[PDB]
Every structure is written in C-alpha cells, then in structure tokens.
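Given as structure tokens, the chain that follows is alone and in the form solved without ligand OGA.
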C-alpha cells in the first residue's frame, strides 16, 4: 500500500487499495496507521463503493454508529472517525477543510499549554445536549494530546463571556492556520477518512447552491480524558448509542 504525504502537518493520499469490506487485515492495519499519523487520508477512484460496501469497510476500522468544528462534541462520547464518500458533486466549489488539532497543541507556547491543559469548555447544540470537555484530551490510541474546541463551544468554565470569546478565537486562529490544514478538491470516486479525535473540519459553501451529495459513515469514539485522567462531564445527557 502507498501513502503519499499531502502536507507537512496533515493529509495523505492512499492508492493501491480498492476500498471494501473484504480487506486483508494487514491492509486495514496500514490504513489505520496512516490515518492516525496523518489525521485525514484520501482515496481516489473508488467508483466501486456503494452505501453498503462503504458501511462494510467502515466496519473494519471500528464500530459504526459552514464553520470550523469537531463532530458532535456537544455529546460526551463523540465519534472517533468518519468515512465520507462523494456521490454527487457541483461543477465548481464544494471543497472541504481539515485541521490537525494534535499539531496545533504540540506547537503551542508552553504558557498556552499550561492554560489549555487546565481549561475546560462547555459544548452545546445551539434535543438538548450540554457537555463539559477538557480543552486538551489525550488521544486514546496515540497518546498524543489534542485541542478540543470548535463551533460547539459555548463557553470556557470559570471565565466570563468576553474572555471566553477572546481565548476561543486565539486557539481557533492557531488550529486553522493554513500551514496546519488541508483543503480537498472532491472528484467522483473520492473517499475521505479522518480522525475526529485529532481534527476539526469545515465545509465550504462556494458552489453557490447547486446539488451536492456525499455519503457518510461514522465510527464510535469514547469520552475524552484530560491530561490528569479526568473524563468529560455530562450536563445534559445522554451518550451516543449502538
């Protein structure tokens, strides 16, 4: 299997792989290794994939279930990863952004490390979920610390409205720096997988309003732990199921 780096901090393309549910366990393994190391990986020309064949291949990586955000973070046990397939694409626009929340963290100045390591945020959905997540989580498989924030954040705990907004923007500025991100131009047969535990993503609304359809499969993740081993606190449950 070939994995080519697309950027120094994030992104990688993978070929020599016909995505589907009957993959050799060692191919599935090299893909995961790449996914964890590159945060978002891309597959071209998987015109063969359909909804069910895609659902089947995601079953191999884990347990199936605009603006900058990590997926569903208003819930305590939000997704670990997602498999997204292009199905109907607009003649122009419709490209997608991802940022590396692990690298964002590692690159912090130590003062900002100390602050984030001790900062918690309340994540809300504008069904009513409210959750208190650490701003730094320890990645369950890599041990890498990653910044947890994004659009679902409503406030930092213990801080006033003004300071919350301002610090949020400071961190979002560092996460979404172009050097730390990748913009993907979708072509038919394109497939994207990303580690929702070490990324944020953002749809770009620049196909005016043509027709756009992508299919998505989401894998189960677990509750974030901060650097001291404390878990996210649910304020308005409940967890995600299945």
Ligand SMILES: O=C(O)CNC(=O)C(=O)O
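Positions refer to the first chain, counted from 1.
Undergrad: Check whether residue 85 has no coordinates in at least a third of the other compared PDB entries of this protein, counting only entries that model residues on both sides of it.
TA: In none of the comparable entries (those modelling both sides of it) is residue 85 left without coordinates.
Undergrad: Do a third or more of the other compared entries leave residue 126 out of the model?
TA: Residue status for residue 126: gap in at least one third of the other entries.
Undergrad: With residue 126 and residue 127 adjacent in the shown sequence, let me know how many deposited residues between them lack coordinates: none, 1 to 3, 4 to 9, or 10 or more.
TA: The entry has a long gap there, with 10 or more residues left out between residue 126 and residue 127.
Undergrad: If I compare the deposited sequence with the modelled residues, how many are absent between residue 65 and residue 66: none, 1 to 3, 4 to 9, or 10 or more?
TA: Missing residues, residue 65 to residue 66: 10 or more.
Undergrad: Of the two stretches 46-54 and 178-186, which shows the higher Cα B-factor on average in the entry?
TA: On average, C-alpha B-factors are higher across 46-54.
Undergrad: For the stretches 169-177 and 201-209, which has the higher mean C-alpha B-factor as given in the deposited record?
TA: Taking the mean C-alpha B-factor of 169-177 and of 201-209, the larger value falls to 201-209.
Undergrad: Relative to the other modelled residues of the same chain, rank the CA B-factor of residue 158 and answer lowest, middle or highest third.
TA: Middle third.
Undergrad: Thinking about Cα B factors across the chain, which third does residue 21 belong to?
TA: Its C-alpha B-factor belongs to the highest third of this chain's values.
Undergrad: Which third of the chain holds residue 116 when residues are ordered by C-alpha B factor: lowest, middle or highest?
TA: Residue 116: CA B-factor falls in the lowest third of its chain.
Undergrad: Name the third of the chain's ranked CA B-factors that contains residue 73, choosing lowest, middle or highest.
TA: Within its chain, residue 73 is a lowest-third residue by C-alpha B-factor, going by the deposited values.
Undergrad: Taking the C-alpha B-factors as the PDB entry records them, is residue 109 in the lowest, middle or highest third of its chain?
TA: Middle third, going by the recorded CA B-factors of the chain.
One more form of this protein, deposited with ligand OGA bound, exists but is not displayed; see below.
Undergrad: Is the binding site on this chain open or blocked for ligand OGA after its pose in the deposited bound form is superimposed by the nearby C-alphas, counting blocked as 3 or more ligand atoms within 2.4 Å of backbone or C-beta?
TA: Open: no clash with the backbone or C-beta atoms.
Undergrad: I need the one stretch from 45-53, 200-208, 28-36, 169-177 whose residues put non-hydrogen atoms within 4.5 angstroms of ligand OGA in the deposited bound form.
TA: That would be stretch 200-208.
Undergrad: Is residue 96 close enough to touch ligand OGA in the deposited bound form, meaning at least one heavy atom pair within 4.5 Å?
TA: Within the cut-off, so yes.
Undergrad: Does any part of residue 84 reach within 4.5 Å of ligand OGA in the deposited bound form? Heavy atoms only, please.
TA: Flag for residue 84 set to yes.
Undergrad: Check 71, 194 and 212: does every one of them have a heavy atom within 4.5 Å of ligand OGA in the deposited bound form?
TA: Per the other structure, all of 71, 194 and 212 touch ligand OGA.
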